[PDB]
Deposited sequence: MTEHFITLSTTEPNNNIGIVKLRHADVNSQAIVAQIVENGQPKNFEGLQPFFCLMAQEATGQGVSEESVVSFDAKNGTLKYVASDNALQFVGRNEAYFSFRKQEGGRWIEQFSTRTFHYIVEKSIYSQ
């Protein structure tokens, strides 16, 4: 399949990132490879689980399968939900830990945009 590499910040805006262009009815897998950054340097998210939070336009949460918490990297495979809106999509990554039998966000990235083409 295809991969899309971008660097996402928790402190700074994510409007300057590389343009991610996904395909709506793709036969093969499509993934967003993200470098988590805090003040322009990698963010350790050891003991935390990343979540793909797609925003509803005028919300969809999915657990990210592959990640290197130490190097601050993650690989999210675009779901059918993430590819549904043909056009400009807005999403963010939330890092959570389990306590009380439910996930609790310790911190998150700032919103970024990706384009689903057809």
query: Deposited residues without C-alpha coordinates, grouped into stretches that follow sequence order; finding: 59 to 63, 124 to 128
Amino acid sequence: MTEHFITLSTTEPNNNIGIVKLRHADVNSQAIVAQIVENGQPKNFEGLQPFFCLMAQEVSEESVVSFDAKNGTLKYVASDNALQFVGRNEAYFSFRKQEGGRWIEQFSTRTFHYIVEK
From here on, numbers count along this sequence of modelled residues.
{"property": "Of 46 to 54 and 73 to 81, the stretch whose C-alpha atoms average the higher B-factor in the entry", "result": "46 to 54"}
{"property": "Within-chain third of residue 65 by Cα B-factor, per the entry", "result": "lowest"}
{"property": "Ranked against its chain, the third holding the CA B-factor of residue 28", "result": "middle"}
{"property": "Relative C-alpha B-factor of residue 37, binned into the chain's lowest, middle or highest third", "result": "middle"}
